[PDB]
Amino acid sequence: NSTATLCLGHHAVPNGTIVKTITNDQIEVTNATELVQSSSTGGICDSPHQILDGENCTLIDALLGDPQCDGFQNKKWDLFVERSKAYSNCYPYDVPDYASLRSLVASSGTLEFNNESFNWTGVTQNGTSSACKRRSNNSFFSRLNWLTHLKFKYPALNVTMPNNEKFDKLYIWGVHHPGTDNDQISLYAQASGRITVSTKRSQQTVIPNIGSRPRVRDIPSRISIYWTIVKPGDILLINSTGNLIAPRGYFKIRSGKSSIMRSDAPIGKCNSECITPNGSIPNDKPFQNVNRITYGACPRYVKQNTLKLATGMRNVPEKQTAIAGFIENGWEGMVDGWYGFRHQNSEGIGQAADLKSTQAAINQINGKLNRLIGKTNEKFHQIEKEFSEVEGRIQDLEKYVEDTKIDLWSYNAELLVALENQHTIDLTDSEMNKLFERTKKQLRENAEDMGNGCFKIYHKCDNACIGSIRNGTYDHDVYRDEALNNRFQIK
């Protein structure tokens, strides 16, 4: 009736989602996406990393050559998987600093072994035991050589092996601790004496200690395992009068991205970049709360089990019912755009989406999605994070380092999502406000702001006229005389 109404508005949905911003602990938005990965398939995917399933073998048993581990000879891995069911089935042994030898072999990622011809003239080689059976016969660790007397003589060993290669050699060797004096004499022909293994740059001396230990596979003796790395140009010197469990050669030691993980998860024929002890997990999300132990391109571990990133504007119910604009009011019936126009004129009541504002909001949200989704970084060999034995100081430090790290990342995650969500609310609010301001400016003196996100346009404004406003081609001069007469009439 000589005027029209033009309202600016934004969509709303019936099923919104609650997120956290800096301004609000809980604010409902039109949509959100989860940034914490909280589930796994439960299987370790055999691709794209080279998996070695230890089965009944620990890495150290596979290294020494426990008979059940013969199948592992010379294999490589990106990730060696050690099973809780694993058990030793050879001569009872220990490794002082077991954790370090495990770690250095794990990180090297290879069991490649090269035999060498040591001169063991004057002694008997290849000692075996019923505690270490291979194909039902008494045997021993494959990579070790139990030397004993020859004709009740054990002449002092003073044996050399030069490293004339261009790579390092890793030697694994041991000392036999007999149960009794009787065993000492029966095995080596004389009283126990120390073993010294040296190079130009290092030395280790180990004393065999006679005594009963609790029987394991009916063996009260023990073997203690040691290692030596020999550089190119250096020489291994082995010096012993008995009790030597000698090396048969060396392991290659390599550097790269290999590691070891304790897990009982089955190995699957599938492809996944991120491995945890619970199974492989997708790495689309920036964070995860599945396990602090990871290998590969993995989301960062956080304490939160959910963090929702807003991917839409504030969700505002439509006030119940004159058309009305965005002031405390969303439009559930606007389904082809995020922002738009509703009008009332001579020809009826209509709605149209505004593409520009809708696309600007969507583009920006997609931009932050692109920064946060599918952008994980790889980590490989790290520190251990679960422990089967009590140890004190070093373990306290390992645990505190990891606890510290997780709390700092959990804090970063919490802040990041609150900041991002505040920014999303601000940028989506801003597109609405800019649309309203642009429209106000077009209309000049031909309309007044009704306070509800709508303009009273003080002239006849048919469908084409409204279209000209929406398209940005409205010429205010054309209508100004009509509008001014209508606005500043005296009633």
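Don't overthink the numbering: it's just position in the shown sequence, from 1.
- Coordinates are absent for 4 to 9 residues of the deposited sequence placed between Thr321 and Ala322.
- Taking the mean C-alpha B-factor of each stretch as recorded, 379-387 and 340-348 are not equal, and the higher mean is that of 340-348.
- Across the two stretches, 209-217 and 289-297, the PDB entry reports the greater mean Cα temperature factor for 209-217.
- Annotation for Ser258, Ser103, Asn305, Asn138: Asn138 ranks highest, by Cα B-factor.
- Residue set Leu419, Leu408, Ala189, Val81: peak C-alpha B-factor at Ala189 (per PDB entry).
- In the PDB entry, a CA B factor belonging to the highest third of its chain's modelled residues is recorded for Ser40.
- Among all modelled residues in this chain, the alpha-carbon of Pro48 has a temperature factor (C-alpha) in the lowest third.
- Split the chain's modelled residues into thirds by C-alpha temperature factor. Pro277 is in the lowest one.
- When the modelled residues of the chain are ordered by their C-alpha B factor, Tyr93 lands in the middle third.
- In the PDB entry, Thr33 places in the lowest third of its chain by CA B-factor.
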